[PDB]
Structures are given as C-alpha cells and as structure tokens.
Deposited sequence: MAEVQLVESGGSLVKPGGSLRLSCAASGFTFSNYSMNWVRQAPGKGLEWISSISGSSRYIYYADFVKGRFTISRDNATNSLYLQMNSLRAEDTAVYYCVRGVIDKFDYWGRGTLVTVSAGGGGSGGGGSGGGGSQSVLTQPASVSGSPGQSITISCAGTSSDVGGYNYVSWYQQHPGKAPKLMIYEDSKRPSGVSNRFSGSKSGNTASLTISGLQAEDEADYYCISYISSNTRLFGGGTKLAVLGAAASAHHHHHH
C-alpha cells in the first residue's frame, strides 16, 4: 500500500527556518514526480513545488521566490523541503503529494507548521446544503487567464484530519476507485463538480485546482458540503 509520511512540522517564530521530510513506500519512488502542497487554515490547496524522479526538472509556485527548496533522495525514498525565513502566512498543513500535471493521486496525512509571532484566485461557494439522495453542484470560477478550454480543473475531497482525495482530474475524468456519483464539467471560465445520491460519508470539504502549466496551479478557497 502506497504511503507518504510527512515530518518536521512544528511551531516556529517568524524568521525561523524549517525543513520538512517525507518517507515514501509502497511504490517505486524514483520513477515518480513528487510535490509539496500546503493548506492554510480555512484556505485552499496551494501547490508549492514539484521535482521529477531524477531531480532533473524542478518547479516552484511564484510566491516561493527562492525561500523554499525541494530535494529528494531516491536511495532512501525520501522527499525534502527546505524552508527559509518563515513568515506567518506560511502557517499551514504541508502535504507530500505524488503526481504529475493535474493528477495528484496520492497525499500524506500532512504535517502542521505554525508560525507563532487577498482571497483565492479561483472562486468557490463557501457552503453547500445537501439532502440525502438528492444532487448538488460546486462551482469553480476564474478569469479567462485562470480557467480555459485548453487546461484542467481537478477536484479534491477532504474529511477532517484526513489525507485529501482526488475525485476528479482533467475536468471530468475520475480515478479508479471513485464512485460514479461524482462528476465534473466545465463551461467557459467555470468548472463544476456534481454529486448525485448524497451520502453522509459524502459530507466533507471540497477544493478545486486549475492546472495551467508546470509552475502554475491556481486554487479555490474550498467548499463545505453539509449533508442534512
């Protein structure tokens, strides 16, 4: 079974410098691009950095600006993130994530980083009232620079204190093992996730991510689905 275990998450005064680690197992680590994705309290899933299996190709989100540095050791199946000059906006749960392009298929439980001491680019509804058996839809809206017909939106499901799950990628395609009650679509600069025949196990948090390029992954602020 594929496992990702992040560690190194602590509390640290602003200006401090952390180093996260991840132990990987259950797959051929060296053959996979790995990523770091962080999630601030109440905020969405912000991709940080990716590194190819061989370490040949490394990308960073724009905000990084040299402060973070990803690395890996295929020999010991471990991924690292060197974080310098920790601001308070850095406070988040940091996830180790396997995947390439829009397909973030495996996440760890994540490690919490607290810096002790402006909305999201994509727009989701805050709340969604559902009724067992019915059908609801969560929207993800951006400009023409954010959501287009030639790039992808992905949908991620998350239960309190659990590793985010990939429900939909490539706008509409869903991974094997995911219920067909989940579907996705897109019109213009807006993607929509839909669930039919709601369960109570369907109650969770839902996040959208628009893949634009290898260094640009836009995200929404998240949507809480309440199942009556």
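Asks: Missing CA coverage against the deposited sequence, listed in sequence order.
Replies: Several stretches lack coordinates - namely 1 to 2, 120 to 133, 245 to 256, in sequence order.
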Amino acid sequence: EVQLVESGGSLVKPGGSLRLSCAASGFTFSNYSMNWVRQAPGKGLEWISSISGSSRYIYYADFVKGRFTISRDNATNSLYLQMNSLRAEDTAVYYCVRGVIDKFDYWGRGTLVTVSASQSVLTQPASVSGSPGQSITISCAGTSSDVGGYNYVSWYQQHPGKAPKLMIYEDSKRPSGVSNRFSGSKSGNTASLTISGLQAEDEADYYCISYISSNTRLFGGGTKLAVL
From here on, numbers count along this sequence of modelled residues.
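Asks: Per the record, averaged over C-alpha atoms, which has the higher B-factor: 60 to 68 or 187 to 195?
Replies: Per the PDB record, 187 to 195.
Asks: Averaged over C-alpha atoms, is the B-factor higher for 25 to 33 or for 173 to 181 in this PDB entry?
Replies: Averaged over C-alpha atoms, the B-factors run higher in 173 to 181.
Asks: Going by the entry, which of 120, 91, 78, 143 has the most elevated CA B factor?
Replies: Checking the PDB record, the top C-alpha B-factor among 120, 91, 78, 143 is at 120.
Asks: Of the options 204, 209, 212, 20, which has the highest CA B factor as deposited?
Replies: Of 204, 209, 212, 20, 204 has the highest C-alpha B-factor.
Asks: Ordered by C-alpha B-factor within the chain, which third holds residue 45? Give me lowest, middle or highest, please.
Replies: Lowest third - that is where residue 45 ends up once the chain's C-alpha B-factors are sorted.
Asks: Based on the entry's values, in what third of the chain does the Cα temperature factor of residue 126 lie: lowest, middle or highest?
Replies: Ranked within chain, residue 126 CA B lands in the highest tercile.
Asks: Sorting the chain's modelled residues by C-alpha B-factor, tell me whether residue 115 ends up in the lowest, middle or highest third.
Replies: As the PDB entry reports it, the C-alpha B-factor of residue 115 lands in the highest third of its chain.
Asks: Among all modelled residues of this chain, ranked by Cα B factor, put residue 99 in the bottom, middle or top third, i.e. lowest, middle or highest.
Replies: Its C-alpha B-factor, which the entry lists for residue 99, ranks in the lowest third among residues of this chain.
Asks: Could you look up the Cα B-factor of residue 165 in the entry and say which third of the chain it sits in: lowest, middle or highest?
Replies: Tercile = middle for this residue's CA B-factor.
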